[PDB]
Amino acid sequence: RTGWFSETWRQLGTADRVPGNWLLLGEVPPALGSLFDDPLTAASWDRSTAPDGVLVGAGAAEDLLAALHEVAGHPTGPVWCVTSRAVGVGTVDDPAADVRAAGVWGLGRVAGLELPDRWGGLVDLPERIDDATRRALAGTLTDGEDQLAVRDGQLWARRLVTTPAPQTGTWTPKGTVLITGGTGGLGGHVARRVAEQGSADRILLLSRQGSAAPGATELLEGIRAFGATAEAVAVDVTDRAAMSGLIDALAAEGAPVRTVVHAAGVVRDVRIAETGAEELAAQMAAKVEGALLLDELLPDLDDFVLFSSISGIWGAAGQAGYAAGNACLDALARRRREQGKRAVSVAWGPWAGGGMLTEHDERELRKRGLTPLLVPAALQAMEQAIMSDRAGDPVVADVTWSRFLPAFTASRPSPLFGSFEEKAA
């Protein structure tokens, strides 16, 4: 049975300062630096002394990555990371989405899994740090929650819960459908689904390999049987000149892009300790910079569909960059909807039937309570997510909680999944 889940936030039921010898990294603003008496910086810290805590001010995943490299191999107290505009609590005073800040949370969750005894947590604060905000943070740093937000002086804690699955009509995309990563595994399944519907004029499969991609010839032949024209174009989704050229040429033909499905991306297994800034950027490029470029160049679309991952929802060891990029996608969908435009980001669990996952990957996933979604089930859930009468960003995965939770929490407890614990209501 296909699991549908969503992020939600629980309002929790405060100090004037934070005692001790703290190390402040990244950009900690003056209204927070003043909570600490004589705090250390990266420059002033004598690495032989263990600070009582670390506070990292991060605007993007790279900032948190840099801070974690600074403290690697040195004893410190808990490492806490503060952001702003990184999460949407669902209150009236929620700020507008900051795509790059959201990446901090994707990476930070992975830090919790890789460095379970060292990682403190994430706190999202309002942009303007008033006295109420100062006190909420101080109480948090002085006092098991590790994914927190401050809104109107109150603390909220992040949770993952079930939602209802949308019950919708049929997805019938029209005109030109652009599928980035379209010659890949999931891209190909989506391409065939679109073709089968018989609603579109043109299906464009975009990837760096284009028509030179393995399997592309057979994929295109199969699509071309159904009525729409189809082509594979060899284009880097991060290349502004190439992307703008393609989009402009289609509009000039009277066949402008009307739907985007963004499945371009890469996945690597590299611990934070082994991930440099350049590699982090390479890991995030197609997924994040591609999506941002698409959003910019295509303000008027019927649909803008981002293929995200459970990695950006709850994290996995070795997936810092992958998780960060996926968290960015979820934020971009929120941002685009705030601008009055259609967008959905579906945070998928593993799929069966090819792509990123090898036969062996699939068997290890099942071990930790993740069963690959069958392709028909996944595609149906995709249609449901797109055609939903209400905006949301769904998490869609086949999770067996009795196996998943003990594996996920083996090295570190997780209040995120409270609703799946023994006797949870």
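Start at 1 with the first residue shown and count on from there.
Per the record, how many residues of the deposited chain fall between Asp143 and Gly144 without being modelled: none, 1 to 3, 4 to 9, or 10 or more?
Gap between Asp143 and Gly144: 4 to 9 unmodelled residues.
Zero if continuous, otherwise a range: how many residues of the deposited sequence are missing coordinates between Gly13 and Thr14 (none, 1 to 3, 4 to 9, 10 or more)?
1 to 3 residues are missing.
Given the B-factors recorded for C-alpha atoms, which segment has the greater mean, 20-28 or 410-418?
Mean CA B-factor is higher for 20-28.
When the Cα temperature factors in the entry are averaged, is it 129-137 or 291-299 that ends up higher?
Between 129-137 and 291-299, it is 129-137 that shows the higher mean C-alpha B-factor.
Maximum C-alpha temperature factor per the entry, among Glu383, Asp52, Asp389, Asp398, belongs to which one?
Of the candidates given, the C-alpha B-factor peaks at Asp389.
Sorting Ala264, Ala212, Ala316, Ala324 by Cα temperature factor from the record, which one lands on top?
That would be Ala212, according to the entry.
Can you tell me which third, lowest, middle or highest, the CA B-factor of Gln147 falls into for its chain?
Ranked within chain, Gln147 CA B lands in the lowest tercile.
Test of reading the entry: by CA B factor among the chain's modelled residues, which third contains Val305?
CA B-factor rank for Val305: lowest third.
Test of reading the entry: by CA B factor among the chain's modelled residues, which third contains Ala42?
It belongs to the highest third of the chain when residues are ordered by C-alpha B-factor.
Would you please rank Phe226 by its C-alpha temperature factor against the other modelled residues of its chain and give the third it falls in: lowest, middle or highest?
CA B-factor rank for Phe226: highest third.
Taking the chain's C-alpha temperature factors as the reference, tell me which third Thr238 falls into: lowest, middle or highest.
Tercile = middle for this residue's CA B-factor.
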